[PDB]
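Below: the structure, in structure tokens.
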DNA sequence: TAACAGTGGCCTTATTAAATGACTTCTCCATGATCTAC
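Chains as they are written, first to last, in PDB author numbering: chain K, 4 to 112; chain J, 4 to 112; chain L, 4 to 112; chain I, 349 to 498; chain G, 12 to 111, 131 to 319; chain F, 12 to 109, 133 to 319; chain E, 12 to 111, 132 to 319.
Structure representation (structure tokens):
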């Protein structure tokens, strides 16, 4: 319930879809008998998330991550809501939401 | 409300229209039974957006991109204010908005 | 058990799994010596939790710790409930629950 | 005896009648003399064994907290149990509402180190701490201090 | 007639530790308790404000029975028999001689209620420690402070005064309150009013007690409560008997449809001195001074 | 006649770590709490400023009961019996035996940061190799200006002339207790609002406010300005000095405003001299 | 008398990666935070500058209790009991022996963190272990910052055990060794290029951070208008003000400079001449 | 088109957790023998 909670939940879904896309890209990148990453890529994503300062850097990185995720239906249905949510809101809160999405993305894969 | 986000939203809309027009132009460019990529087009657009180094770069880039966007109606009734928005505001904010528009573009086609 | 109690217990389990992951990471990092400390890690965690002074800092630390934990199967199973619980509840209550989870933690034999 | 006559818990008004209304630890000192009676009353309680489990948890936490400083302090510099227990009682008395008391109790439990009793009764003790009124938890912490065996 | 001066006065925002109670071990606890909607607020006792008013009367040069020695920190009575006819303090605050011709007690014209923090108490504490590496049992300590505004409610039975002219010094003292008993060395909290809602009426009923509210639970906003505004709108409170002064005047004037509200025709003054002067003129006319 | 000197001073902009709270674990916790807008603001205790004033009095003659050794880092009492008639320290700051206990002619409130405190943590390590439990630590700083409010009951002083050294010390404050080695923060004021009145009603407490989160422009106020305009706080009793004068004089219609006829000096020393002249005239010094 | 030497020194323009933060991942980040206008500036810790001053004192002879080994990167104490009378470092920087003559000393030097004059925008440098083989320690990133640095210090000269030890401290501030950082790839000289010193006998300074930028992405540096207003209004006695460095040219190019009270300050374009004059005044005042 | 996404080591060392004094003050009794007035 509540509009803010619904927007937050479906933004979590958006971020989880983006991480699925990025992890699939990493899977396609690696070849041969080398083990593709599962967990240390999540650690890399965490390190890149905490490497953030000011509003500009984090929003740039988040937008780049979302685009690199590729196709995503949750952002498809909700353009205005997530565009406003990302453009507005403190960047630290959005980082908290992104980390919460990271910690609960894995049931998909 | 607070027409700043109105300008943000119609900027996203005209950016999506322009990228749709450029993808249509690419579809015209390709030929024969080769499948015209769609995800690779988005990847190329993101890479070109990240290729810029402030002010001159990415400003003439995005103006040229919008020009090749073609007959964009929302551009036509929103020439002057979008030009003012582009002339003002930091360029990295414009890049963030463009990346968000790319991430939320698909349901058009 | 009420739904609030169920979510509270699930959050306790989520935090305990996150501590399991963090302590396993430390154990892998400091395999040298007679044995990596366990009491010192708990004291570090308690001090870092008590360092938080406001909602934003505490929630940032909690999200970072949860992500550092790893898979966290209990968060996999309960995306929306636990995410809403973290976003909504006052940070002092979440800190109380986290410290209760710390106290009720059993190191793996 | 008054609590038994009134038909309520035998610990119903222990705090405000034993700590608040104590002048110079006159009433407080009698708790350690009546420790055996406290242990007997807790063991032969007609119900509510969960709060006895909480007593065990709090006693383990108190053992850890006291042992930390007692290892920090060498022989001769080691203070008796009286000063530490008085400081603990004062800190418990500081708490004024549910949030502050539960925060202090949780921090004390964590500072107590590994707690086997809490681990064996995670769900029960966690629900008990979350749900029960903080005044009752404070009273039971007081009478767990009283029946603490060094 | 029987005239009463009811008033709710709001203090300025600042850090306050004026209401310590029985300390728990090391830390000094300030008096607190439950209030609006179940949160804990810090209370400043009304006896503190009464003592401050007594000290104001003594310092201004008025004849006061109980003289307070600043250098000795003791209280001395000029006359062992209380005489409300001659002494301002006995007339205003009353007395009660309880020991084994003149009356032994008086009800007192001034009736005051406890001062309540506008904002709920968060739990802030401050550590104090004596400088020096020579440390003993009294080296370090904790003192609780509260960053809020205090509001309190008072009522004066003007006809109950032995001398009717003594109400004016009480108003002056309320607007020029000396230090209200607290920790002035480290938490200097001025208790002078910055927002007033007074009522000078011959009816005994008052609907202005604790009429101030907060916009945010942790903020220095101090807006007028909706219940008080509604009671003014419905006509329960006569606007001609309402006296509003202080910083709340700006917020009232920025309200929508203020010019059409019955609150407009109340005595509203941004300057508290002007409001006090007008109210004192009305009081002098009504009491025939 | 009772005379009181209320004042709110604003410090210069810089990085401050003055009042570490409790040392939570590995971190030296800068003392902070909620303030104004519900944001966390760092605080400097009033006892620190009183200690700084005591040190100022000690360093320049001015017989004081408590003598800061500065070498053994201990306090020595010249006379075990406090004598406010002879010592500046006992006369000004009071005492308590636990007698006479004084009351204290100087009342001070805690200094409050003009800006919310975001995270401002500084890392600290000890050289290299042979690392131990003390090798790694963190310290919390704050890059803002601090603002505190004080009040003096001049008549309460045993010697009336002792108020002048107190003003001199306030304007020449020594190191206010803190990490001076790592975060050297001068506590001298760059903006002052002093009120030399004769009644116990001050509306200048914490007048300075700018919010504007992370900045240092430090505009005066809107509530204090409205208080001056409305009619109370007569400008004849108001003394404003410091860098705030430049912003004040640039305001529109400032010449027609009642704030114009207040004692406004850009130079702090000139305003202090004028105020001390007025004080000496009023107190019969 | 109680003489204090306050000062703000501005470094030279260059690529700087001096003070870093927690290791994080593969990218070493600078110590940065909000400084002015809500913009993020890079900081250099004052402990780094204190370490550099200690190293200078050690290198130029002198007696220092802490001796940096420079070979095994270890710190050795010549005497386990600190003696501020004998050792320069104990006298100047103080000490604190907590494990359990006084065991603690307040030190005569008080520094503040060096703040970059320019906001830190981007400036991450890619680093590779090279070769054809690849591993975890192959791809790394290092943050740098093309800016000047500016820090504020104060000296309580009377607090010194030996009053003459201030002179080596001024020499060290002038010829400062490398301030702790990645000097292998980002060699940043911390020697001053502009100085604003004040040799007064009262605690107020008003010269904390007197340098401000123009065109926020440029190397040009100018004295802040607040500092100039402070000098002109009457505060800050010009006779106690020592200004030296490349800022002297900009100061002299100002209009109405001759009529300005700033002209009466001790202004030397050559830093050595300014330091010599200041040390002459210091020796006269301290009776050296 | 590729391969990497940091390798280490620490996560505070002391110290003091209150010093005083007050712990209600008055009054309102019940009942029968006797005085006294009708």
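By construction, the Cβ of each residue, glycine as well, lies at the ideal position given by its N, Cα and C atoms.
- About 26 Å separates the beta carbon of residue 70(G) from that of residue 54(G), a gap too long to meet the 8 Å contact definition.
- Around the beta carbon of residue 443(I), 16 or more other beta carbons sit within 10 angstroms, so the residue counts as buried.
- Within the same chain, Cβ atoms closer than 8 Å to the Cβ of residue 194(F) are found at 188, 317, 318, 319, the five residues on either side in sequence being excluded.
- For the pair residue 270(F) and residue 47(E), the CB atoms are not nearer than the 8 Å cut-off.
- Residue 156(E) sits in a strand when the DSSP states are folded into three classes.
- Annotated three-state conformation of residue 210(E) is coil, per DSSP.
- Residue 497(I) is positioned such that its CB atom lies no closer than 8 Å to that of residue 408(I).
- Under the Cβ criterion (8 Å, minimum of three pairs), the stretch 136-150 of chain E counts as touching the stretch 177-185 of chain E.
- Residues of chain E whose Cβ lies closer than 8 Å to the Cβ of residue 67(K) do not exist, since the nearest Cβ in that chain is about 14 Å away.
- Within its own chain, the residues whose Cβ lies closer than 7 Å to the Cβ of residue 357(I), once the five positions on either side in sequence are excluded, are 351, listed in chain order.
- The beta carbon of residue 25(K) sits no closer than 8 Å to any beta carbon of chain J.
- Note on geometry: alpha-carbon atoms of residue 159(G) and residue 211(F) lie some 12 Å from one another.
- Membership of residue 80(G) in any alpha helix (DSSP H) is not indicated; the residue belongs instead to the beta strand (DSSP E) covering 77-80.
- Contact of residue 47(K) with chain E by beta-carbon distance below 9 Å involves 36, 37.
- Distance from the CA atom of residue 41(E) to the CA atom of residue 59(E), rounded to whole angstroms, is 14 Å.
- For residue 6(L), the enclosing alpha helix (DSSP H) starts and ends at 6-32.
- Around the beta carbon of residue 96(F), a 10 Å sphere encloses fewer than 16 other beta carbons of the protein chains shown; the residue is thus reported as exposed.
- Any Cβ of chain K closer than 8 Å to the Cβ of residue 89(L) would place that residue at the interface, and such an atom is present.
- Near chain G, meaning a CB-to-CB distance below 9 Å, the residues of the stretch 230-263 of chain F are 233, 234, 235, 236, 237, 239, 240, 257, 260, 261, 263.
- Per DSSP, the continuous alpha helix (DSSP H) segment holding residue 352(I) begins and ends at 350-354.
- Between the stretch 405-421 of chain I and the stretch 363-380 of chain I there are fewer than three inter-stretch CB-CB distances shorter than 8 Å, so the stretches are not counted as touching.
- The C-beta distance from residue 299(E) to residue 203(E) rounds to 19 Å, too long to meet the 8 Å contact threshold.
- Between the beta-carbon of residue 221(F) and that of residue 22(F) there is about 6 Å, and that keeps the pair under the 8 Å contact cut.
- For residue 363(I), no beta strand (DSSP E) run applies; the uninterrupted alpha helix (DSSP H) run containing it begins and ends at 362-366, by DSSP.
- Of all alpha-carbon atoms in 90(G), 19(G), 165(G), the one lying nearest the alpha-carbon of residue 274(G) is that of 19(G).
- The Cβ of residue 26(G) sits closer than 8 Å to at least one Cβ of chain F.
- Using a Cβ-Cβ cut-off of 9 Å, residue 19(L) is close to nothing in chain K; its nearest Cβ partner there is about 14 Å away.
- Short of 6 Å from the beta carbon of residue 313(E), and not among the five residues preceding or following it, lies no beta carbon of its own chain.
- Contact annotation for residue 448(I) against chain G: 153 [CB-CB distance below 7 Å, chain order].
- Chain L places a beta carbon closer than 8 Å to that of residue 51(F), counting this residue as a contact.
- At a cut-off of 8 Å, the C-beta of residue 102(J) has a neighbouring C-beta in chain K.
- With a cut-off of 8 Å on Cβ pairs, the stretch 101-111 of chain J is in contact with the stretch 56-67 of chain K, counting three or more such pairs.
- With respect to chain F, the C-beta atom of residue 106(L) has no partner C-beta closer than 8 Å.
- Residues of the same chain with a CB within less than 7 Å of the CB of residue 81(J), apart from the 5 flanking positions on each side, are 13, 17 in chain order.
- At a Cβ-Cβ threshold of 8 Å, residue 25(G) and residue 240(F) count as neighbours.
- For residue 175(E), the three-state secondary structure derived from DSSP is coil.
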